[PDB]
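Working notes, structure below.
So you know, we letter chains A, B, ... as the sequences are listed, proteins then strands, and number each from 1.
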Amino acid sequence: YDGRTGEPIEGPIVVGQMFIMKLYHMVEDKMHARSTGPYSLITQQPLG
Amino acid sequence: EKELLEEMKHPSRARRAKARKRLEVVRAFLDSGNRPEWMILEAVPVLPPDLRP
Amino acid sequence: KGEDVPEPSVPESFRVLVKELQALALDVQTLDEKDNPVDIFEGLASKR
DNA sequence: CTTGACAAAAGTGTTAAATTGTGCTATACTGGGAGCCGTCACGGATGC
DNA sequence: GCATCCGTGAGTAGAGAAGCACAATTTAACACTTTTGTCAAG
């Protein structure tokens, strides 16, 4: 059944219990932004 | 250049090809005004210290 | 200040490249429409 | 607005210790050392 | 003509082991004025 409408899904759905892992790649550790910051010594370009 | 032009008239293809290689280098110096002995360094330029910090 | 960013200037990396090319005993000079030398170092590398 | 004079701040000339640069060691000693390796195709030249 | 050595190139992000003597030069501790800066006086 669809929780939004209460009507059934028009076809039977494969529903079961499966083992799912949470991986080390998390958006918390990967989101980054910068307006201005440190620059390189020689090229004077922003660091990485 | 004059000597290399004379060798350019040689009937051997290899001789003309070798003369062309030399004459391209010779004409490059003549047209640009570069002086061939400048390819040997007497004073070595030193890079500014902030580029080698 | 609420203003538009000004017109950009020569990158500092190009200045680095020119000086590094000069360290290789190569005379790299920027010219104008009339083939006259143009100073991209703001007179800071010209000896008097 | 000038004293004015006055102490702090700063400059300055010596003098010392400290740091730094240089010379010198007299049995005889006389040609180094580490690598050494599993890519492949491509010009370009260099001679054969 | 061909065979060989050398030179070139081979994706982008991010994350990651001598002492010692002595001279010569410099530093730092002093003293010294000399100089600004300042709070009384009109």
Side-chain angles (χ1 to χ4, degrees), chain A residues 3-4 9 13-48, chain B, chain C:
Chain A
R4 292 126 65 202
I9 309 290
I13 305 296
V14 172
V15 176
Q17 185 177 3
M18 184 178 72
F19 174 84
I20 293 183
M21 294 180 286
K22 177 187 186 184
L23 304 195
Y24 171 81
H25 306 292
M26 297 177 186
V27 64
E28 166 149 37
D29 305 322
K30 301 200 171 190
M31 175 185 110
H32 173 52
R34 158 207 172 113
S35 51
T36 57
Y39 295 99
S40 178
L41 268 171
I42 308 183
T43 61
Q44 287 297 327
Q45 292 171 7
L47 297 178
Chain B
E1 180 184 18
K2 295 190 173 187
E3 159 181 352
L4 287 170
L5 286 169
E6 189 68 34
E7 177 196 356
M8 208 73 192
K9 314 159 180 298
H10 196 265
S12 181
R13 309 169 178 179
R15 291 287 63 82
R16 300 188 281 93
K18 158 177 171 46
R20 185 183 63 260
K21 310 298 177 53
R22 300 192 58 192
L23 183 62
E24 287 162 348
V25 179
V26 173
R27 287 165 176 256
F29 278 104
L30 282 179
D31 304 346
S32 63
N34 286 328
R35 182 74 274 171
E37 53 263 23
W38 298 349
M39 293 184 290
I40 296 90
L41 305 170
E42 297 181 357
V44 173
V46 178
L47 192 75
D50 285 2
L51 308 187
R52 39 174 185 85
Chain C
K1 293 182 183 293
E3 294 179 353
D4 204 7
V5 301
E7 293 310 0
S9 185
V10 64
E12 192 74 6
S13 309
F14 180 64
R15 287 197 182 121
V16 167
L17 167 76
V18 168
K19 280 315 175 183
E20 292 179 352
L21 277 170
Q22 288 191 355
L24 283 165
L26 301 179
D27 182 11
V28 178
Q29 185 62 254
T30 61
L31 310 176
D32 61 345
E33 295 86 357
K34 299 293 183 182
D35 280 358
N36 297 123
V38 169
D39 189 62
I40 65 176
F41 298 103
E42 294 293 328
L44 296 181
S46 58
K47 300 195 310 184
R48 323 118 337 211

[atom1] gap between [N] and [M], integer Å:
| N | M | atom1 | result |
| --- | --- | --- | --- |
| E/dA28 | D/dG21 | P | 16 Å |
| E/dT36 | D/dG13 | P | 16 Å |
| E/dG14 | D/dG33 | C1' | 42 Å |
| D/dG32 | E/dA15 | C1' | 43 Å |
| E/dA17 | D/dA28 | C1' | 23 Å |
| D/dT15 | E/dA31 | P | 14 Å |
| D/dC37 | E/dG11 | P | 27 Å |
| D/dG11 | E/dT35 | P | 12 Å |

Exercise for the section: Taking the six-membered ring of A/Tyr39 (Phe, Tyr or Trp), confirm whether the NZ or CZ of A/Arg34 is under 6.0 Å from its centre and within 45° of its axis. Expected result: yes
Problem - Pairing pattern in dot-bracket form [Watson-Crick, G-U; both distances under 3.5 Å; | = partner strand] for DNA chain E - result: |.||||||||.......|||||||||.||...||||||||||
So for [N], where does the sugar sit by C1'-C2'-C3'-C4', north or south?
| N | result |
| --- | --- |
| E/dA13 | north |
| E/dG9 | north |
| E/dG14 | south |
| E/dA24 | south |
| E/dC6 | south |

Provide, to the nearest angstrom, the distance between the [atom1] atom belonging to [X] and the [atom2] atom belonging to [N].
| X | N | atom1 | atom2 | answer |
| --- | --- | --- | --- | --- |
| A/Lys30 | E/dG16 | NZ | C1' | 13 Å |
| A/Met26 | E/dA15 | CE | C1' | 17 Å |
| A/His25 | E/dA13 | NE2 | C1' | 15 Å |
| A/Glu28 | E/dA15 | CD | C1' | 17 Å |
| A/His32 | E/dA13 | NE2 | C1' | 14 Å |

Applying a cutoff of 5.5 Å on centroid distance plus 30° on plane angle, are these adjacent nucleotides, [N] and [M], stacked?
| N | M | result |
| --- | --- | --- |
| D/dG32 | D/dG33 | yes |
| E/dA10 | E/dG11 | no |
| D/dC37 | D/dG38 | no |
| D/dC29 | D/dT30 | no |

Handout entry: Assigned partner base of D/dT30, Watson-Crick or wobble definition, under 3.5 Å
Key = none
More than 12 heavy atoms from other groups under 6.0 Å of [atom1] on [X]:
| X | atom1 | result |
| --- | --- | --- |
| B/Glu3 | CD | no |
| A/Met26 | CE | yes |
| B/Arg22 | CZ | no |

Problem - A/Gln44 side-chain N/O to A/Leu41 backbone N/O, donor-acceptor pair under 3.5 Å - result: yes
Problem - Side-chain heavy-atom pair B/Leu4, B/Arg27 within 4.5 angstrom cut-off - result: no
Handout entry: Minimum side-chain heavy-atom gap C/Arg15-C/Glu12 below 4.5 Å
Key = yes
Exercise for the section: For D/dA45, take OP1 and OP2 only and decide whether either is under 4.0 Å from a side-chain N or O of B/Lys21. Expected result: yes
